[PDB]
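Quick note, the sequences are listed as chains A, A' and A'', same order. A prime marks a further copy of an entry chain.
Note that the first sequence covers residues 4 to 227, 239 to 376, 381 to 398, 417 to 471 in the entry's author numbering.
Note that the second sequence covers residues 4 to 227, 239 to 376, 381 to 398, 417 to 471 in the entry's author numbering.
Note that the third sequence covers residues 178 to 227, 239 to 376, 381 to 398, 417 to 471 in the entry's author numbering.
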Amino acid sequence: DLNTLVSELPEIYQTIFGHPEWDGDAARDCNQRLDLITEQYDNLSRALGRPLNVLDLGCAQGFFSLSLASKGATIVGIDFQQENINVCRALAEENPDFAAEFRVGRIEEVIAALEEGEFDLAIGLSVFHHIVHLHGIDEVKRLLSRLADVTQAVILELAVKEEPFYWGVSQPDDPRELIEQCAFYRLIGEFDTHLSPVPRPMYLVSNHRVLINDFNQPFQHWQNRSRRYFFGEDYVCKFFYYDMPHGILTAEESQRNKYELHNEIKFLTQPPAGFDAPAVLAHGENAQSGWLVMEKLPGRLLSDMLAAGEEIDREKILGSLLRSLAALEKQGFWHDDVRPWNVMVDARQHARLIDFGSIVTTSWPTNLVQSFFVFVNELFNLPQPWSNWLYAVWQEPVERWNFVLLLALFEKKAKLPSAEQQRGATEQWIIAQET
Amino acid sequence: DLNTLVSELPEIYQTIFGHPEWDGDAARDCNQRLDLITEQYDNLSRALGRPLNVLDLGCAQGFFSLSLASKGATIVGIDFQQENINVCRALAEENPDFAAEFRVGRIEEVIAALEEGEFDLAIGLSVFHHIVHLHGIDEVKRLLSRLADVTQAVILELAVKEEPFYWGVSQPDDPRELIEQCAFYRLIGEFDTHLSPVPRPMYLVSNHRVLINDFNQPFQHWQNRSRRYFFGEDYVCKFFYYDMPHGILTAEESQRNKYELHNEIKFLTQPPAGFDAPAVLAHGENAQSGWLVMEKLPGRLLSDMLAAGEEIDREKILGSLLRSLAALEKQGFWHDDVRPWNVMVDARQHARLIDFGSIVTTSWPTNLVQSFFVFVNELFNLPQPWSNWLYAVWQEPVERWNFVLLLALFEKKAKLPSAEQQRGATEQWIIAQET
Amino acid sequence: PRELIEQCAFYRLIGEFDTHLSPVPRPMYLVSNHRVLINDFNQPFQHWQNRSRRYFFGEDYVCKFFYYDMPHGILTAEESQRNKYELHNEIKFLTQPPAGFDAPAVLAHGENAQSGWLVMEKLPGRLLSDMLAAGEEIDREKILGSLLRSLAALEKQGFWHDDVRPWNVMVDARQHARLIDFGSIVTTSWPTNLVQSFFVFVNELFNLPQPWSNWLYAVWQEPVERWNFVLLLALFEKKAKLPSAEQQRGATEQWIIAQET
Ligand SMILES: C[S@@+](CC[C@H](N)C(=O)[O-])C[C@H]1O[C@@H](n2cnc3c(N)ncnc32)[C@H](O)[C@@H]1O
Ligand SMILES: C[S@@+](CC[C@H](N)C(=O)[O-])C[C@H]1O[C@@H](n2cnc3c(N)ncnc32)[C@H](O)[C@@H]1O
Ligand SMILES: O=c1cc(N2CCOCC2)oc2c(-c3ccccc3)cccc12
Ligand SMILES: O=c1cc(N2CCOCC2)oc2c(-c3ccccc3)cccc12
Ligand SMILES: O=c1cc(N2CCOCC2)oc2c(-c3ccccc3)cccc12
Ligand SMILES: [Cl-]
Ligand SMILES: [Cl-]
Ligand SMILES: [Cl-]
Numbered sequence: 004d005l006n007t008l009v010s011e012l013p014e015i016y017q018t019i020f021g022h023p024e025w026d027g028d029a030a031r032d033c034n035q036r037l038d039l040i041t042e043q044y045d046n047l048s049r050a051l052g053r054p055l056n057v058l059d060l061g062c063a064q065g066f067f068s069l070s071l072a073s074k075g076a077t078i079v080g081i082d083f084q085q086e087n088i089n090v091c092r093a094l095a096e097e098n099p100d101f102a103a104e105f106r107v108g109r110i111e112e113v114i115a116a117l118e119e120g121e122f123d124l125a126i127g128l129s130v131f132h133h134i135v136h137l138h139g140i141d142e143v144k145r146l147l148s149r150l151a152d153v154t155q156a157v158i159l160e161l162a163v164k165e166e167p168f169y170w171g172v173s174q175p176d177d178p179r180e181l182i183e184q185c186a187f188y189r190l191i192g193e194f195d196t197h198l199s200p201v202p203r204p205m206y207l208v209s210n211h212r213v214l215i216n217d218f219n220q221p222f223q224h225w226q227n239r240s241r242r243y244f245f246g247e248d249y250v251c252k253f254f255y256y257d258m259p260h261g262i263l264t265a266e267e268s269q270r271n272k273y274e275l276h277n278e279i280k281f282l283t284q285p286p287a288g289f290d291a292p293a294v295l296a297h298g299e300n301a302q303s304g305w306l307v308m309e310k311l312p313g314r315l316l317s318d319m320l321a322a323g324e325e326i327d328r329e330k331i332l333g334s335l336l337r338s339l340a341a342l343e344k345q346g347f348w349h350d351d352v353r354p355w356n357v358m359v360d361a362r363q364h365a366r367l368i369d370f371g372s373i374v375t376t381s382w383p384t385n386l387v388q389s390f391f392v393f394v395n396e397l398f417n418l419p420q421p422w423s424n425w426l427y428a429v430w431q432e433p434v435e436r437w438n439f440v441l442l443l444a445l446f447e448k449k450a451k452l453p454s455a456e457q458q459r460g461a462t463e464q465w466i467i468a469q470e471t
Numbered sequence: 004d005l006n007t008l009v010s011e012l013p014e015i016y017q018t019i020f021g022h023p024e025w026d027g028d029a030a031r032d033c034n035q036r037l038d039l040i041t042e043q044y045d046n047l048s049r050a051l052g053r054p055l056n057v058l059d060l061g062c063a064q065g066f067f068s069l070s071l072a073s074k075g076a077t078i079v080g081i082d083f084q085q086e087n088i089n090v091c092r093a094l095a096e097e098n099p100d101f102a103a104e105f106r107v108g109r110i111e112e113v114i115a116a117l118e119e120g121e122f123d124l125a126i127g128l129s130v131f132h133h134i135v136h137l138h139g140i141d142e143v144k145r146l147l148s149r150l151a152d153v154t155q156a157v158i159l160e161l162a163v164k165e166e167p168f169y170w171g172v173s174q175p176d177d178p179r180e181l182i183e184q185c186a187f188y189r190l191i192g193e194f195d196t197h198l199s200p201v202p203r204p205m206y207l208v209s210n211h212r213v214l215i216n217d218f219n220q221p222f223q224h225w226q227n239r240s241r242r243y244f245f246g247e248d249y250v251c252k253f254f255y256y257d258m259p260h261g262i263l264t265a266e267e268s269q270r271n272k273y274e275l276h277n278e279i280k281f282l283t284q285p286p287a288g289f290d291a292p293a294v295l296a297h298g299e300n301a302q303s304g305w306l307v308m309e310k311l312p313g314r315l316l317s318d319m320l321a322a323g324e325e326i327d328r329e330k331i332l333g334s335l336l337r338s339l340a341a342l343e344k345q346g347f348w349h350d351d352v353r354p355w356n357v358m359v360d361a362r363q364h365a366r367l368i369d370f371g372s373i374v375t376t381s382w383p384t385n386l387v388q389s390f391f392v393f394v395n396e397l398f417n418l419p420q421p422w423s424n425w426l427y428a429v430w431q432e433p434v435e436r437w438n439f440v441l442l443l444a445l446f447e448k449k450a451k452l453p454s455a456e457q458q459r460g461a462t463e464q465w466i467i468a469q470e471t
Numbered sequence: 178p179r180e181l182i183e184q185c186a187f188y189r190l191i192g193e194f195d196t197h198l199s200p201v202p203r204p205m206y207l208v209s210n211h212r213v214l215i216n217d218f219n220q221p222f223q224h225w226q227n239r240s241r242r243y244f245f246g247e248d249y250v251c252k253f254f255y256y257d258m259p260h261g262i263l264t265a266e267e268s269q270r271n272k273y274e275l276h277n278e279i280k281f282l283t284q285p286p287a288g289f290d291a292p293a294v295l296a297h298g299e300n301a302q303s304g305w306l307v308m309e310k311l312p313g314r315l316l317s318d319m320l321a322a323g324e325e326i327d328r329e330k331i332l333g334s335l336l337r338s339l340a341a342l343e344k345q346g347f348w349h350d351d352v353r354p355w356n357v358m359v360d361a362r363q364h365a366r367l368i369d370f371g372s373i374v375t376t381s382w383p384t385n386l387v388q389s390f391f392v393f394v395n396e397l398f417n418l419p420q421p422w423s424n425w426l427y428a429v430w431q432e433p434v435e436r437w438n439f440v441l442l443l444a445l446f447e448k449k450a451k452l453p454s455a456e457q458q459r460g461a462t463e464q465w466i467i468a469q470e471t
């Protein structure tokens with residue numbers, strides 16, 4: 004009988020599915036977490052085009068398991084207390100069409116035994132802090148990595164050290180230390196536990212997909239540490255953290271990240287005429303982070319080609335870059351931050367800027387022209421006619437320095453007088469000194 | 004002045020009796036516990052026919068003490084904080100007709116000094132976990148035993164390990180480990196502490212009385239471990255636990271207990287004509303347990319008589335049992351589970367079944387006839421004419437096996453042919469093999 | 178060293194090397210969580226299951253992988269040798285099946301000192317033991333008849349299966365059953385013992419209502435030299451016409467079978 008199985012629960016942690024006579028007794032009503040979890044279930048189910056297999060770790064009285072089985076999910080619920088599992092099976096028996104199984108088992112053993120592809124979605128709500136408390140942080144991170152490795156998505160609600168209880172003392176400094184080794188993660192909500200005023204963050208995590216409410220796609224590789243890049247078949251997703259764990263970002267740096275991304279979004283959604291910019295496939299910002307999905311460009315980053323000493327055509331790289339810098343300038347745009355790590359080189363040795371967070375609209383623009391000289395020097417130090425080019429620019433009154441001029445003198449550099457035949461000289465040492 | 008004594012309380016744990024200006028400040032309102040405690044006070048007072056002497060251990064600000072003294076109880080309240088006792092006496096002085104005394108003392112010392120008969124009822128609400136936390140579980144069990152030994156009834160509210168605080172870690176696995184050595188105990192409610200979402204069970208416990216809301220009587224002995243039997247002057251109370259501590263019962267076993275008792279109740283309240291069944295004096299079931307009070311039968315259990323090798327008349331035991339089995343069968347009833355531990359033998363060597371939880375109403383009934391053969395063998417291996425009896429039954433087509441037939445062949449067994457003169461033979465080895 | 182890898186899905190010792198530090202060589206293992214990597218058959222699998241036998245399931249194959257050499261006390265000399273014998277035997281049966289019996293096609297096979305493997309076409313359905321445990325609905329008529337029909341066909345060609353259990357039988361969606369573990373196939381009062389355990393099988397499958423009990427009772431009346439699978443199948447097909455067991459003495463055989471079980 005259910006009355007008996009319920010009374011024997013050491014704790015009525017969750018709502019008893021379909022049995023509201025216990026809602027007043029449940030530690031946690033579960034409706035807020037459920038609303039968020041069903042939404043993420045729908046997203047991933049829509050993306051995969053089918054009902055999902057769901058794993059529920061530390062599933063307690065089965066509420067999220069049954070509730071998802073109710074929407075047509077196939078669920079396995081795991082808990083290490085026999086009493087919790089007894090209630091789960093009795094509830095599944097009241098719902099014989101739900102495809103729902105429950106097992107007494109330890110989460111550590113189950114994760115060691117999972118096979119990639121068995122489950123699309125795993126949920127682990129308020130369970131891992133127990134494992135943290137007994138096995139430590141490193142083991143939990145490896146468990147969580149493997150859980151992300153073998154599913155499409157993981158949803159975690161994580162207890163935090165700010166909670167007032169003795170076990171809080173064993174928690175990482177920040178719940179993100181448990182998951183930051185995973186590829187993709189995004190805070191999706193914050194929940195009241197009824198134990199204290201400190202809420203628990205809920206995270207959506209994946210080692211296989213970009214899971215953004217608007218764009219749900221596998222990626223095949225990813226790279227960095240408060241910016242992440244996910245590479246899919248024809249996209250790059252640029253993911254910025256504003257809110258970072260630990261001392262990582264200063265107020266200042268969070269705000270630059272935010273500003274740079276907002277700015278990249280604004281530039282790319284309304285590019286200037288005369289400039290070829292990557293198409294924007296999706297974008298969004300929230301308190302913790304912001305993201306931008308773009309069409310993916312071919313080639314390698316210039317910094318890589320220089321580090322991994324691969325062969326480069328500096329004429330073609332400089333000319334193509336300068337041509338775009340001049341086109342930009344004609345429309346009243348400039349790039350603050352022209353560096354080898356911001357430039358991509360395609361197979362035909364043509365270059366383009368890739369980080370548009372540093373695009374600005376307002381002795382301008384002499385400072386930028388100046389650092390471009392440095393850029394040129396790092397790119398190589418200067419042989420003729422490159423040195424002749426720089427020397428001609430140095431002879432210009434300063435109010436004439438701009439990118440149209442830089443480009444025009446670059447295109448005629450073979451006809452310009454020989455710098456080493458003049459005094460000359462100076463400008464050599466100035467640029468060399470910044471570098 | 005009371006204002007002062009109250010402000011000096013380290014904690015306003017309870018409502019200040021008669022002073023509602025502090026109800027907003029009290030940790031616990033106490034009205035829910037009080038409602039339950041007054042009800043149990045009334046029951047026991049009605050059964051003893053007089054006002055009760057009540058002991059209140061760790062009585063804090065005196066609320067339950069004063070509230071019971073208000074209904075005419077004589078109360079002694081004990082607490083080890085001077086501040087709590089100061090408030091208790093000032094409140095008793097506002098109520099000079101209440102027969103109420105308060106003492107600063109330790110619960111451990113007070114219980115060591117109690118004399119049986121001084122107090123009818125003791126209450127210990129949310130106090131013993133402190134003693135558990137300092138002296139351990141074994142000492143607390145002995146304290147609780149002695150408290151049950153020297154009173155008629157004890158009411159305990161017990162903290163549990165599921166509560167979120169550091170001291171929970173010192174608690175038994177299950178609060179019932181503190182009391183299960185006591186004879187009678189029954190969960191009567193579950194209370195919100197305002198420290199957390201985990202409620203505290205309240206237990207009614209006795210080493211002298213069956214305390215069932217409908218039947219409140221001394222018992223003189225008791226026996227077993240999820241079934242208990244209390245023996246009073248003309249009753250047996252059969253008490254079944256559905257909800258047990260620890261791994262004790264499986265879902266399966268709780269449900270059998272429930273079903274068996276429900277079934278015993280249904281059979282005994284409407285017995286078949288032609289069968290003499292023990293009269294039912296009271297019965298009830300709830301989530302944790304169920305109980306049945308019956309008139310008490312004379313004699314000893316057959317299993318005891320066999321173990322303690324006391325002398326038996328197998329003819330009279332078998333015939334009288336068979337006669338009742340046949341009468342039952344005629345009315346469409348059978349007993350699933352005819353064993354020596356289910357049979358009682360009176361001084362005239364006549365036997366009767368005592369456990370009717372295994373009574374059923376639907381090749382039936384061959385399996386039962388079969389195990390009866392085993393029963394017969396355990397009871398003894418077979419000399420003549422017993423073996424001749426079994427051999428005759430074995431010769432019957434199976435659709436004819438039933439208890440009327442078993443009884444009829446048993447009564448004529450001295451005239452039946454000699455089994456050892458036939459082949460014979462088999463059936464000997466079959467039964468011997470189950471056994 | 179296998180404790181370091183046995184949690185991985187697929188692993189196979191491929192050699193043993195001299196380190197020049199000592200006379201003790203170091204094993205080399207090939208390990209995968211995604212592919213069956215057998216020198217002759219190299220394919221992804223999508224799931225796997227058990239603990240000295242492993243099963244890998246790919247799109248149209250099952251790979252059956254037997255360990256002869258196990259870590260720790262796991263297998264006795266005896267048990268390694270049974271594993272070896274059972275797999276060798278499954279290979280020999282399946283590569284030359286009897287006419288009149290439909291057997292899974294063999295896609296690859298091999299044995300070495302540590303282990304042996306067999307890749308077969310994959311059958312549809314669920315294992316009978318699962319359907320009984322996970323109490324899913326079954327047609328015992330169709331399961332028993334189809335099984336018996338194959339047991340009789342086998343017997344006609346001089347083959348028997350030693351070990352007919354729910355965990356050795358697969359049931360397709362049309363409730364038709366087939367044997368799946370052919371390591372227990374034998375070629376030589382035979383075959384009474386097997387007929388006997390089949391009675392137990394029948395009982396576990398359910417205890418017996420009519421006409422099932424009538425079927426068993428008829429068999430029990432047969433002189434023992436007549437017990438075989440052709441007979442079992444023939445009496446099973448006519449069980450609705452056989453006399454009622456409970457109208458006879460009867461009786462015995464009920465208790466005998468019930469007692470083994
Ligand atoms: C705080 S509750 C959370 C229950 C449920 N996940 C929820 O949030 O609604 C933690 C649950 O995990 C279970 N649990 C804790 N550690 C576990 C482990 N190592 N393996 C399996 N279950 C565990 C406990 O039995 C308990 O039901
Ligand atoms: C949590 S409060 C409960 C008060 C009261 N029984 C109630 O439930 O309303 C525990 C009380 O027990 C008292 N106390 C704790 N340990 C004690 C001991 N060993 N002897 C006497 N009093 C004690 C404390 O002073 C405190 O008033
Ligand atoms: O469109 C892009 C294509 C790439 N390439 C595509 C092939 O993989 C190597 C990187 O990278 C981009 C990056 C980037 C970020 C980190 C490292 C390297 C490149 C930033 C913005 C846009 C792109
Ligand atoms: O009416 C009854 C009388 C007794 N007797 C009465 C004298 O004391 C010995 C037991 O016992 C009963 C038991 C029982 C339970 C445990 C042990 C022994 C008996 C169960 C049900 C009914 C009765
Ligand atoms: O062809 C087969 C198909 C299957 N099925 C196919 C679908 O997955 C469930 C198992 O299983 C087989 C097994 C087996 C081994 C372990 C568990 C269950 C089955 C053994 C031999 C052959 C097969
Ligand atoms: Cl957690
Ligand atoms: Cl307590
Ligand atoms: Cl704490």
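Note that beta-carbon positions come from the ideal geometry of N, C-alpha and C, so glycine has one too.
If the criterion is Cβ atoms closer than 8 Å, does the pair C33/A' and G65/A' meet it?
no
*Runs of alpha helix (DSSP H) wholly within the region 59-123 of chain A (minimum 4 residues, chain order)*: 66-73, 85-97 and 110-116
> According to a CB-to-CB cut-off of less than 9 Å, which residues of the region 451-464 of chain A'' neighbour chain A'?
Replying inline: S454, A455, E456, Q457, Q458, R459, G460, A461, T462 and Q464
Proximal chain A residues relative to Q184/A'', where beta-carbon distance stays under 9 Å
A115 and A116
Q: Over the uninterrupted beta strand (DSSP E) stretch that includes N219/A', give me the two end residues.
A: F218 to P221
For the region 190-202 of chain A, list every residue whose C-beta sits within 8 Å of some C-beta in chain A', in sequence order. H197 and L198
- [ ] Can you tell me which of the three DSSP states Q363/A' falls into?
- [x] coil
Residues in the region 126-137 of chain A' having any Cβ partner in chain A nearer than 9 Å:
none
Inspect the beta-carbon positions of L315/A' and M258/A' and report whether they are closer than 8 Å. no
>> Any heavy atom of ligand 2 closer than 7 Å to the beta-carbon of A29/A'?
In response: no
request  = Can you give me the start and stop residues for the alpha helix (DSSP H) that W422/A'' sits inside?
outcome  = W422 to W430
Could you please go through the chain and list the residues whose beta-carbon is closer than 6 Å to any non-hydrogen atom of ligand 7? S129/A', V130/A', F131/A', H132/A', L161/A' and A162/A'
*asked:* Please state the DSSP three-state secondary structure of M258/A''.
replied: coil
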